[PDB]
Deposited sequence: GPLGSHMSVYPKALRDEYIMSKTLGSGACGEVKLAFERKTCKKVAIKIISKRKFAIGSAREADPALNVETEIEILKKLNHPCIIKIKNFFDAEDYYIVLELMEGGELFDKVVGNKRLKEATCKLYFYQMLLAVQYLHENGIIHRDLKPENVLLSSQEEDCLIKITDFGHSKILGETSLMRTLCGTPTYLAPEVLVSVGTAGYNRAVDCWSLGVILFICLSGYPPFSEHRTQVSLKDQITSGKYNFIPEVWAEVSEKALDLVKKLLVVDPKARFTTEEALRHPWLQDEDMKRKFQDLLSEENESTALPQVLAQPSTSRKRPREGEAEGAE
């Protein structure tokens, strides 16, 4: 019913759908597998963000085509989406949750340090590097991201003779937008550890909205008894209603659940294993 642009076709051979829009492709030059995200005709900001960022737990953009549709050429993540590992009460072993979560915190810490809020962190935006359970993860889908309160800061420089009270009231919470990412991470971690969502409409009277605002997650003890008290304590500190009290990425990384030298060693191992193919000889 349509064709690929001549500019894309020149550099790549298009193949099978990976996610439905993400297709598999081969770079003609290298014969290496790539991932091509097709967006129907925001994408300009997403490219701008992707190009500037450089972290091993954040997806890299390889190329871009602005045609009848937008084509974003990205690194292929063979393991697919983390969603596929947690769907329909499927659960990850605590050790796997830790390894993936640690990387997610490093990735999100990097974003916040670089003035970027993702705003749409979910298992569908967390990609696995291989079909192995001990693998590298990367955050994707920067379409809803924000670049960090200059409008309020400038307003405060003047005399508030004519300034509205709601604006002065907003000074209290201003600059805590990044806390939304820490909430999302808390929800992801809950799902990964238990196989079930903390807030849902399944077998409950209370509205999904009321559950979230009260911060009263559904706690099923039979499920959680299999999970450590440390892992649950970290979830608890991220699923905090007050964004000013909620755990930051630094506080989450300093948590006892993350003070695991074995998990840290396994991640560094996976890094060197990935980076061995690109490593140039160095001055000793």
Gaps vs the deposited sequence (1-based, no CA atoms) are 1-6, 27-30, 52-66, 174, 311-329
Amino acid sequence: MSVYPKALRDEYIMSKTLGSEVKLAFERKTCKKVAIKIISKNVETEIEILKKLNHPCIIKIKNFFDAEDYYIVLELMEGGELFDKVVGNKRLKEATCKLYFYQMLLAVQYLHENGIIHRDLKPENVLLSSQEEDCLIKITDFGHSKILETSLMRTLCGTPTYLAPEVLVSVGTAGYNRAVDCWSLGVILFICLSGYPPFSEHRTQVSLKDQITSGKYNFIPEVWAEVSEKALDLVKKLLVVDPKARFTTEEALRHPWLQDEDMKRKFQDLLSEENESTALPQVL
From here on, numbers count along this sequence of modelled residues.
Does at least a third of the other compared PDB entries (those resolving both flanking residues) leave residue 149 without coordinates? yes
Could you find out if residue 268 - modelled in this structure - is missing from at least a third of the other PDB entries compared that contain residues on either side? no
Regarding 120-128 and 201-209, which shows the higher C-alpha temperature factor on average in the entry? 201-209
Can you tell me which stretch has the higher mean Cα B-factor, 98-106 or 67-75? 67-75
Looking only at 91, 138, 112, 144, the Cα with the top B-factor belongs to 91
By the CA temperature factor listed in this entry, which of these ranks top: 54, 30, 249, 40? 40
Using only modelled residues of the chain, where does the Cα B factor of residue 243 rank: lowest third, middle third or highest third? lowest
Ranking every modelled residue in this chain by its Cα temperature factor as given in the entry, which third contains residue 159? highest
Test of reading the entry: by CA B factor among the chain's modelled residues, which third contains residue 171? middle
Compare the C-alpha B factor of residue 234 with those of the other modelled residues in its chain, then answer lowest, middle or highest third. lowest
Which third of the chain does residue 177 land in by C-alpha B-factor: lowest, middle or highest? lowest
